[PDB]
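Comments concern the structure below.
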6 protein chains.
Amino acid sequence: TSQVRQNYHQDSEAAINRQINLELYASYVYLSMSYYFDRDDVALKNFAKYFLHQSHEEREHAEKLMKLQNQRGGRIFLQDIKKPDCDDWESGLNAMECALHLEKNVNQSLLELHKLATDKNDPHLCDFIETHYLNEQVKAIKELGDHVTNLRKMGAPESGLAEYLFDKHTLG
Amino acid sequence: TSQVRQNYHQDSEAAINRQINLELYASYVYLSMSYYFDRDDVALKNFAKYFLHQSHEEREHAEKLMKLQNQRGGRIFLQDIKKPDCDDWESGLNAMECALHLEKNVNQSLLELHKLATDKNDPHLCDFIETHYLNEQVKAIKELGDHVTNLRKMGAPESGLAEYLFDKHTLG
Amino acid sequence: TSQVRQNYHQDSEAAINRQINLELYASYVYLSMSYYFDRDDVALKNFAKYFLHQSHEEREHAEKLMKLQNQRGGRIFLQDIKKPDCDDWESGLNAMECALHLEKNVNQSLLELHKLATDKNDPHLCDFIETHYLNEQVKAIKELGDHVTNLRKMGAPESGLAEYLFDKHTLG
Amino acid sequence: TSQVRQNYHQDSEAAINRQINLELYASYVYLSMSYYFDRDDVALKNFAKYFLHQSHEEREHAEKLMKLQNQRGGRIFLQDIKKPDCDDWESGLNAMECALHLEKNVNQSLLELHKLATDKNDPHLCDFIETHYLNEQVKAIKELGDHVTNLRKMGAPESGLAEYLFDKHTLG
Amino acid sequence: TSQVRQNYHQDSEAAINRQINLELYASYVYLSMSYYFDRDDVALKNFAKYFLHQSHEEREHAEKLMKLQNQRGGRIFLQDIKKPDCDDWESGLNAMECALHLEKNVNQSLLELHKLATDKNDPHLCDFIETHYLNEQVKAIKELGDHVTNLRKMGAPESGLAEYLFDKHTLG
Amino acid sequence: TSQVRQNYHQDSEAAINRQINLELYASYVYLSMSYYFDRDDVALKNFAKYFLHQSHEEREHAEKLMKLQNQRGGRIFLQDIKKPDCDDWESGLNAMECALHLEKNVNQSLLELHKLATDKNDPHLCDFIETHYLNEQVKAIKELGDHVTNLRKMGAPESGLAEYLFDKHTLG
């Protein structure tokens with residue numbers, strides 16, 4: 001119906017809307033993580049700053065997907081943003097592991113989106129996904145894996161000195 | 001239970017959590033409004049920029065309330081962010097009127113919060129609400145009323161030239 | 001025969017030559033549009049400047065395709081540049097609609113080229129098309145759609161005040 | 001019919017349109033020459049740059065003639081731009097000789113145009129031709145003659161060292 | 001086994017290791033070429049500088065592939081770097097021809113890698129190859145072809161004046 | 001045979017070629033070490049940066065030896081660069097110990113080279129070895145010994161906090 005729509009399948013539009021919702025959910029999860037570490041009984045300032053920065057990046061990703069949906073002539077349809085699975089994250093290492101799991105889930109969703117775009121012969125959507133989302137996801141997963149490895153080697157759960165020093169020297 | 005908690009009633013904590021959810025909902029509504037005007041069949045760039053700026057301000061307000069909740073020793077509890085009431089907003093004037101209605105609703109919620117804080121003899125919470133939320137809400141309501149009045153005088157619904165010129169000269 | 005030719009099918013070379021001709025034709029059409037609005041009985045200076053800028057961009061696109069043809073070891077074969085379908089364009093809105101139609105035609109040609117490159121297993125050609133032509137085409141179509149929508153809302157055909165104000169405020 | 005038309009004969013308008021077409025054809029020929037020397041089996045970068053610069057100048061000349069046609073109240077009528085007479089130019093010296101022949105042809109056309117303008121008692125058109133086209137044509141012919149003479153003296157056809165050194169020292 | 005591994009097939013990992021070895025071999029070959037021209041009985045300084053620059057670029061390409069292997073969770077496995085096929089290269093033209101042959105071989109290897117990645121449905125690897133290796137390879141092949149053509153036209157083997165002047169004017 | 005050769009014994013030329021191969025092998029070993037620490041399950045960025053810097057320094061040493069071989073009129077003869085003895089280095093301390101062992105081996109080779117040059121009465125070669133290689137080797141051995149001592153005192157193998165803090169404070 002749109003005057004600008006060309007070679008844009010409806011299934012691609014629906015999948016783009018789903019990815020928008022997933023990105024907003026990830027932003028919400030990162031916000032919850034960030035303000036968990038601002039509590040007085042946790043008090044890890046650099047963890048909070050890191051997760052807040054991640055939350056803002058996820059919001060930017062969702063906005064970029066919405067702009068893409070408008071560019072191709074599709075229609076945005078927003079759903080409810082579900083609350084995160086946890087209220088307390090119990091440690092920096094546990095929050096890092098949960099963030100890694102969430103990023104791998106988002107990467108799987110993006111790979112499904114790219115496969116769908118390939119099946120519909122939509123080169124512009126494929127290139128958009130490759131240029132703006134796949135490499136950023138790979139880099140994020142690699143960085144979170146590095147952080148988890150360093151915290152595990154330091155003795156993160158049992159020794160709070162480990163999380164304290166990781167907060168200053170790596171995330172500071 | 002918190003080592004920093006002093007003169008902070010549980011009802012105030014619950015009301016602060018509710019206000020956090022309301023602020024996030026307002027941010028979501030403004031994001032929906034902003035990307036409605038980025039569509040090719042609406043194409044009002046300055047309306048979209050205005051509503052995106054409003055959305056970012058609402059997110060900042062929610063983050064400030066979360067910081068306040070952490071400062072006093074309360075615990076943040078997040079709920080689902082409901083999707084906005086509308087998908088298409090049908091005009092700049094209608095979106096402005098809906099934004100005015102939403103801001104008046106938020107002002108009523110903040111006034112209820114202030115009354116609750118007064119009843120519990122919590123001067124810090126009362127002053128926080130007065131300093132950071134009440135005057136900003138009054139200014140926002142006044143500005144939205146001015147915009148609605150100008151659009152109505154210009155003939156906003158029937159004449160698209162009115163919305164075009166308002167987009168360039170007022171919001172540009 | 002070329003010492004640099006590798007994995008470059010002849011059908012791809014022929015399609016590249018055809019795309020070169022199409023780009024030059026689009027440049028010619030935009031030049032005709034630009035100097036239509038420089039007439040004393042039309043006198044829309046910013047429309048003329050916009051279409052001249054589009055013409056120069058199309059010439060750049062054709063030159064880039066010729067450079068690509070030389071890079072892979074193919075041979076450029078030029079054809080006649082057909083004169084545009086119209087010499088008088090009758091309004092800014094009509095010229096914008098014709099430009100939108102032309103850009104959608106060029107996008108369809110580029111999509112056919114990308115499909116042909118995919119069928120021949122030529123990743124370099126596919127990436128070249130994706131990187132330099134597909135997103136620019138999508139952006140151009142979106143911008144032309146926005147312009148057409150704004151002109152239609154203002155009342156572009158019947159009211160010359162609409163085209164006058166669009167010339168100053170949007171294209172100026 | 002034009003409100004600005006004064007002392008502008010129809011034959012002059014037709015001849016101006018013909019000159020516009022000739023200028024566009026010359027631009028096309030120079031583009032073909034320029035990308036002939038970008039081939040890997042020719043590989044004379046400075047020859048290609050020289051001919052591309054000539055092509056851009058010819059396009060500017062055509063645009064100036066179109067502006068002149070609009071200034072006097074005549075109507076532009078575009079024809080097909082014929083493809084150049086050759087695909088391969090076989091040497092720098094041969095391309096230079098062909099460019100010299102083309103420029104002398106364009107000079108003859110401009111002299112016929114000036115004679116026609118003189119016969120119709122149109123001083124503005126005569127002065128426009130004298131100021132913007134005749135001296136530039138004479139300078140171009142002189143420069144091309146100098147280049148042809150130097151290439152012939154160096155032994156351009158048989159010795160490729162001649163064309164190599166001319167590319168670096170004269171056109172570089 | 002890696003915590004960051006996702007959608008990364010083992011055959012892709014093995015092919016990445018093979019490409020790493022090929023890149024290191026190319027760097028070694030270019031180093032041999034570079035120091036062949038530093039000999040007192042050859043004494044072409046700019047040829048040596050050119051080939052040393054190529055060697056450093058190949059080392060950078062190998063390091064980038066190793067970084068890619070670490071990013072996706074694969075394991076690097078290094079093999080022996082074979083000595084180059086020749087120790088004396090006998091002329092600048094012969095070295096240029098051998099470099100062209102080597103670059104075409106590397107391009108064929110990269111195309112096989114891209115085909116393998118496509119067959120395994122690995123969009124990130126495909127985009128990495130397209131973004132960082134395919135266009136650089138095409139440009140390198142085009143430049144080497146240009147150099148070979150110019151040297152052949154000047155009379156590179158029989159006339160040492162040709163190689164001397166090419167060393168100063170093109171590679172200097 | 002070389003016109004520049006003077007007081008340059010064949011055994012010295014062969015030993016110089018062997019030292020070139022040894023330097024290239026050391027560069028390869030350091031590259032392997034550097035990218036071992038870039039893995040997600042090791043994740044010691046500063047160790048990786050240190051070993052990459054060492055690898056580049058070894059490549060520079062090999063290039064300097066090749067330049068020396070060309071200066072005196074000898075002929076470079078390259079051999080295969082053997083793959084390093086290990087794939088995984090298992091700790092920062094173990095990699096440091098292996099680097100120390102490798103540097104002591106290289107120092108022994110250089111001392112044998114200097115003794116050979118002394119026996120052949122070649123003062124220029126002796127002074128070249130003394131000026132550019134012996135003191136650098138002594139400094140490298142001293143620095144690696146310091147690093148090994150500090151890691152051992154910190155408790156490097158059993159305690160990963162030791163390697164983490166050494167990575168930030170010494171190598172950072």
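We name chains A, B, ... following the order of the structure tokens; residues begin at 1 in each chain, and ligands are numbered from 1 as shown.
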Chain C in the frame of chain F after Cα least-squares fit, as an mmCIF file with C-alpha atoms, in the first residue's frame:
```cif
data_model
loop_
_atom_site.group_PDB
_atom_site.id
_atom_site.type_symbol
_atom_site.label_atom_id
_atom_site.label_comp_id
_atom_site.auth_asym_id
_atom_site.auth_seq_id
_atom_site.Cartn_x
_atom_site.Cartn_y
_atom_site.Cartn_z
ATOM 1 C CA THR C 1 81.531 -12.491 -7.285
ATOM 2 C CA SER C 2 79.858 -9.359 -5.944
ATOM 3 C CA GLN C 3 81.557 -6.071 -6.799
ATOM 4 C CA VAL C 4 81.127 -4.876 -3.188
ATOM 5 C CA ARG C 5 82.342 -8.027 -1.414
ATOM 6 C CA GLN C 6 85.460 -7.486 0.702
ATOM 7 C CA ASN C 7 86.732 -9.551 3.658
ATOM 8 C CA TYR C 8 83.447 -11.491 3.835
ATOM 9 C CA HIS C 9 83.953 -15.218 4.411
ATOM 10 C CA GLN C 10 81.422 -17.756 3.136
ATOM 11 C CA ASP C 11 80.952 -19.336 6.574
ATOM 12 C CA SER C 12 79.950 -15.905 7.886
ATOM 13 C CA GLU C 13 77.372 -15.606 5.090
ATOM 14 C CA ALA C 14 75.908 -19.025 5.921
ATOM 15 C CA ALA C 15 75.775 -18.189 9.633
ATOM 16 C CA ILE C 16 74.047 -14.883 8.833
ATOM 17 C CA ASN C 17 71.410 -16.769 6.834
ATOM 18 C CA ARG C 18 70.904 -19.174 9.748
ATOM 19 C CA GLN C 19 70.499 -16.250 12.156
ATOM 20 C CA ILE C 20 67.928 -14.698 9.802
ATOM 21 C CA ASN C 21 65.916 -17.918 9.919
ATOM 22 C CA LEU C 22 66.201 -18.054 13.719
ATOM 23 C CA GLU C 23 64.952 -14.468 14.048
ATOM 24 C CA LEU C 24 61.952 -15.185 11.816
ATOM 25 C CA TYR C 25 61.194 -18.290 13.888
ATOM 26 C CA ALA C 26 61.288 -16.215 17.083
ATOM 27 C CA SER C 27 58.878 -13.721 15.510
ATOM 28 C CA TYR C 28 56.505 -16.580 14.655
ATOM 29 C CA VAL C 29 56.706 -17.955 18.210
ATOM 30 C CA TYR C 30 55.893 -14.543 19.674
ATOM 31 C CA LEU C 31 52.916 -14.186 17.315
ATOM 32 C CA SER C 32 51.596 -17.554 18.505
ATOM 33 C CA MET C 33 52.050 -16.479 22.132
ATOM 34 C CA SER C 34 50.314 -13.154 21.488
ATOM 35 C CA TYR C 35 47.205 -14.661 19.968
ATOM 36 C CA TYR C 36 47.035 -17.370 22.631
ATOM 37 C CA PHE C 37 46.250 -14.658 25.207
ATOM 38 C CA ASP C 38 43.558 -13.106 22.984
ATOM 39 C CA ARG C 39 41.373 -16.202 23.462
ATOM 40 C CA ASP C 40 38.128 -15.765 25.377
ATOM 41 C CA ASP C 41 39.082 -18.411 27.960
ATOM 42 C CA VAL C 42 42.430 -16.708 28.673
ATOM 43 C CA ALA C 43 41.604 -13.032 28.062
ATOM 44 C CA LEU C 44 44.840 -11.321 29.145
ATOM 45 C CA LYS C 45 44.922 -8.335 26.797
ATOM 46 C CA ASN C 46 48.201 -6.789 27.959
ATOM 47 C CA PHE C 47 50.053 -10.109 27.686
ATOM 48 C CA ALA C 48 48.835 -10.341 24.088
ATOM 49 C CA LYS C 49 49.944 -6.776 23.350
ATOM 50 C CA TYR C 50 53.366 -7.422 24.906
ATOM 51 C CA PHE C 51 53.978 -10.572 22.872
ATOM 52 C CA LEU C 52 52.766 -8.940 19.642
ATOM 53 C CA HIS C 53 55.228 -6.097 20.230
ATOM 54 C CA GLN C 54 57.992 -8.673 20.759
ATOM 55 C CA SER C 55 57.002 -10.379 17.489
ATOM 56 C CA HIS C 56 57.285 -7.111 15.565
ATOM 57 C CA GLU C 57 60.710 -6.451 17.102
ATOM 58 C CA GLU C 58 61.921 -9.900 16.025
ATOM 59 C CA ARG C 59 60.720 -9.257 12.475
ATOM 60 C CA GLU C 60 62.665 -5.982 12.513
ATOM 61 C CA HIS C 61 65.794 -7.831 13.677
ATOM 62 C CA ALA C 62 65.471 -10.325 10.817
ATOM 63 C CA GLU C 63 65.047 -7.506 8.289
ATOM 64 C CA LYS C 64 68.150 -5.777 9.663
ATOM 65 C CA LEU C 65 70.171 -8.981 9.257
ATOM 66 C CA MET C 66 68.943 -9.281 5.658
ATOM 67 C CA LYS C 67 70.028 -5.688 5.015
ATOM 68 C CA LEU C 68 73.447 -6.512 6.487
ATOM 69 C CA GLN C 69 73.733 -9.535 4.192
ATOM 70 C CA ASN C 70 72.985 -7.347 1.169
ATOM 71 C CA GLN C 71 75.424 -4.651 2.339
ATOM 72 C CA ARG C 72 78.459 -6.954 2.385
ATOM 73 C CA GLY C 73 77.672 -8.638 -0.940
ATOM 74 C CA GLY C 74 76.427 -11.946 0.418
ATOM 75 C CA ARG C 75 73.329 -13.700 -0.881
ATOM 76 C CA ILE C 76 70.208 -14.304 1.205
ATOM 77 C CA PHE C 77 68.896 -17.885 1.176
ATOM 78 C CA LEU C 78 65.596 -18.406 2.986
ATOM 79 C CA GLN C 79 64.423 -21.660 4.558
ATOM 80 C CA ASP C 80 61.118 -22.844 5.975
ATOM 81 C CA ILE C 81 59.894 -21.074 9.106
ATOM 82 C CA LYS C 82 59.099 -23.897 11.512
ATOM 83 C CA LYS C 83 55.857 -23.783 13.457
ATOM 84 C CA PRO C 84 56.250 -23.108 17.198
ATOM 85 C CA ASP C 85 56.697 -25.963 19.643
ATOM 86 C CA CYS C 86 53.382 -25.225 21.394
ATOM 87 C CA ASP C 87 49.966 -23.888 20.419
ATOM 88 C CA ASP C 88 48.589 -23.536 23.972
ATOM 89 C CA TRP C 89 50.829 -21.864 26.548
ATOM 90 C CA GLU C 90 48.739 -22.589 29.667
ATOM 91 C CA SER C 91 49.601 -19.444 31.680
ATOM 92 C CA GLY C 92 51.306 -16.082 31.531
ATOM 93 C CA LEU C 93 54.157 -17.383 33.685
ATOM 94 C CA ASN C 94 54.737 -20.383 31.409
ATOM 95 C CA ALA C 95 54.744 -18.157 28.318
ATOM 96 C CA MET C 96 57.214 -15.810 30.022
ATOM 97 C CA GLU C 97 59.495 -18.731 30.911
ATOM 98 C CA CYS C 98 59.353 -20.049 27.340
ATOM 99 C CA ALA C 99 60.148 -16.573 26.000
ATOM 100 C CA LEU C 100 63.137 -16.378 28.359
ATOM 101 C CA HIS C 101 64.381 -19.769 27.152
ATOM 102 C CA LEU C 102 63.970 -18.700 23.513
ATOM 103 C CA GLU C 103 65.846 -15.433 24.079
ATOM 104 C CA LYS C 104 68.711 -17.258 25.791
ATOM 105 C CA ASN C 105 68.881 -19.639 22.821
ATOM 106 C CA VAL C 106 69.013 -16.669 20.435
ATOM 107 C CA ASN C 107 71.752 -15.094 22.564
ATOM 108 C CA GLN C 108 73.789 -18.303 22.359
ATOM 109 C CA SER C 109 73.398 -18.302 18.574
ATOM 110 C CA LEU C 110 74.549 -14.671 18.396
ATOM 111 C CA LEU C 111 77.573 -15.441 20.585
ATOM 112 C CA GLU C 112 78.518 -18.304 18.259
ATOM 113 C CA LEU C 113 78.159 -15.915 15.316
ATOM 114 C CA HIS C 114 80.424 -13.360 17.005
ATOM 115 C CA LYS C 115 83.043 -16.018 17.760
ATOM 116 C CA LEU C 116 82.975 -17.140 14.123
ATOM 117 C CA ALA C 117 83.377 -13.542 12.938
ATOM 118 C CA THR C 118 86.303 -13.054 15.328
ATOM 119 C CA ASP C 119 88.020 -16.199 14.034
ATOM 120 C CA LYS C 120 87.744 -14.921 10.442
ATOM 121 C CA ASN C 121 89.133 -11.454 11.318
ATOM 122 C CA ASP C 122 85.986 -9.559 10.275
ATOM 123 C CA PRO C 123 85.815 -6.438 12.476
ATOM 124 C CA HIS C 124 82.778 -4.941 10.721
ATOM 125 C CA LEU C 125 80.623 -8.017 11.371
ATOM 126 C CA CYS C 126 81.813 -8.183 14.991
ATOM 127 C CA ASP C 127 80.949 -4.528 15.570
ATOM 128 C CA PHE C 128 77.567 -4.954 13.863
ATOM 129 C CA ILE C 129 76.695 -7.851 16.177
ATOM 130 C CA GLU C 130 77.903 -5.946 19.247
ATOM 131 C CA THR C 131 76.101 -2.717 18.345
ATOM 132 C CA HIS C 132 72.718 -4.087 17.312
ATOM 133 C CA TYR C 133 72.118 -7.458 18.918
ATOM 134 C CA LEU C 134 74.126 -8.310 22.050
ATOM 135 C CA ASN C 135 72.978 -5.531 24.386
ATOM 136 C CA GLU C 136 69.369 -5.796 23.207
ATOM 137 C CA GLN C 137 69.490 -9.526 23.956
ATOM 138 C CA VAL C 138 70.950 -8.906 27.424
ATOM 139 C CA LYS C 139 68.250 -6.326 28.185
ATOM 140 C CA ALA C 140 65.492 -8.647 26.947
ATOM 141 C CA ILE C 141 66.776 -11.519 29.096
ATOM 142 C CA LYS C 142 66.961 -9.248 32.150
ATOM 143 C CA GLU C 143 63.407 -7.968 31.612
ATOM 144 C CA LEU C 144 61.977 -11.462 31.106
ATOM 145 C CA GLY C 145 63.760 -12.641 34.246
ATOM 146 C CA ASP C 146 62.248 -9.747 36.193
ATOM 147 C CA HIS C 147 58.767 -10.620 34.910
ATOM 148 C CA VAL C 148 59.189 -14.309 35.773
ATOM 149 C CA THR C 149 60.414 -13.441 39.274
ATOM 150 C CA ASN C 150 57.485 -11.098 39.913
ATOM 151 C CA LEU C 151 54.926 -13.624 38.663
ATOM 152 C CA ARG C 152 56.473 -16.392 40.776
ATOM 153 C CA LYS C 153 56.431 -14.194 43.888
ATOM 154 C CA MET C 154 52.793 -13.211 43.342
ATOM 155 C CA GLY C 155 51.808 -16.874 42.967
ATOM 156 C CA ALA C 156 51.140 -16.812 39.220
ATOM 157 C CA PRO C 157 50.143 -20.437 38.426
ATOM 158 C CA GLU C 158 47.683 -21.249 41.212
ATOM 159 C CA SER C 159 46.241 -17.756 41.753
ATOM 160 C CA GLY C 160 44.694 -16.132 38.690
ATOM 161 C CA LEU C 161 44.383 -12.878 40.623
ATOM 162 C CA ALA C 162 48.183 -12.705 40.403
ATOM 163 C CA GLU C 163 48.201 -12.862 36.599
ATOM 164 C CA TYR C 164 45.269 -10.439 36.441
ATOM 165 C CA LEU C 165 47.049 -7.832 38.573
ATOM 166 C CA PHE C 166 50.361 -8.352 36.769
ATOM 167 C CA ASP C 167 48.522 -7.780 33.484
ATOM 168 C CA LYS C 168 47.158 -4.418 34.670
ATOM 169 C CA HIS C 169 50.007 -2.985 36.748
ATOM 170 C CA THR C 170 53.171 -4.215 35.009
ATOM 171 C CA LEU C 171 52.191 -4.899 31.382
ATOM 172 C CA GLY C 172 49.386 -2.320 31.251
#
```
- request: Per DSSP on the backbone, filter chain E down to the residues in helix (DSSP H, G or I) and report them as a VMD selection string.
  value: chain E and resid 10 to 36 45 to 71 92 to 119 123 to 154 160 to 169
